[PDB]
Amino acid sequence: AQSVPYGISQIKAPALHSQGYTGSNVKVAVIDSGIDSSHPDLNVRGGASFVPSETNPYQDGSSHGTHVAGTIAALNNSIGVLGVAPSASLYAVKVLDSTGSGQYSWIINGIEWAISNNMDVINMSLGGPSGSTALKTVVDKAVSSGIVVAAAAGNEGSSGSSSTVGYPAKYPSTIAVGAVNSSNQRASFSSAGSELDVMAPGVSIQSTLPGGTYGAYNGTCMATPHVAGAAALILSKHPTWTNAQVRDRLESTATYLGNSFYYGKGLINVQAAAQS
């Protein structure tokens, strides 16, 4: 039997599903450690690897990309879990190796691939503490091209009044996503700063794992795919909205939870964001 992870319900994705919107025809690039394309609860439509030592983007030695992918678009069926956008078109853009790490050069190549292949949404559940002009340039290029780019805010916790949001979440062109639990409480590891845009569930998030199994992880890495999936739901209902419109609706209709330094605009509400 199929289970719906709490986070899917917490962002009100089922309301869109009931309206008949599940992300159909929206192309979502999972820029991560690959996706186990053999998982029976995933449908991976394409992809590409930019890790020199791992030419196969459809094998995931880390599990990170496969878990992220399941939160975005685990299939609606008789097994496993259910994604935010279970009909979305998933693409495995491998820029991280089996250790779950990668160089910015690999990541940049993945974003370029997403642009060249006309992706609608980019999920980047990754980041580092140091900036990069080349990274900012390609991320801005993706946004100017019309792509919705969601990025994990970071797992560095809080440090007084200083921002701990990492890159590329720190860039204004990306949606920086923090993590809350099922009570809408901020996770203590969730990075904070003026760059934080929204929150999504990121504690004990059940999703798909390589080998056809399932398991729970914590991180802003897990919160980000809720926003990527939400953007895919919004585009399946409003195919003409620009990425700027999609972003504005996700942020402005969020459920305020408190100090924006720690919570941004609050918890995304895709039901309110997608209201005609």
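Residue indices: 1-based, along the sequence shown.
J.: Which is higher on mean Cα B factor in this entry, 36-44 or 223-231?
T.: Of 36-44 and 223-231, the stretch with the higher C-alpha B-factor average is 36-44.
J.: I need to verify one thing: averaged over C-alpha atoms only, is the B-factor higher for 116-124 or for 130-138?
T.: Higher of the two, by average CA B-factor, is 130-138.
J.: Out of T99, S87, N109, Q206, which one has a C-alpha B factor higher than all the others in the entry?
T.: In the PDB entry, the greatest C-alpha B-factor among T99, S87, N109, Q206 is found at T99.
J.: Looking at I79, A151, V148, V198, which has the highest Cα B-factor in the entry?
T.: In the PDB entry, the greatest C-alpha B-factor among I79, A151, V148, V198 is found at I79.
J.: Quick check on the deposited entry: does the C-alpha B-factor of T66 sit in the lowest, middle or highest third of its chain?
T.: CA B-factor rank for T66: lowest third.
J.: Among the modelled residues of its chain, does the C-alpha B-factor of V95 lie in the lowest, middle or highest third?
T.: Highest third, going by the recorded CA B-factors of the chain.
J.: Name the third of the chain's ranked CA B-factors that contains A216, choosing lowest, middle or highest.
T.: Middle third by C-alpha B-factor.
J.: Can you work out whether the C-alpha temperature factor of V26 puts it in the lowest, middle or highest third of the chain?
T.: According to the entry, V26 has a C-alpha B-factor in the chain's middle third.
J.: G202's Cα B-factor: lowest, middle or highest third of the chain?
T.: Its C-alpha B-factor, which the entry lists for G202, ranks in the lowest third among residues of this chain.
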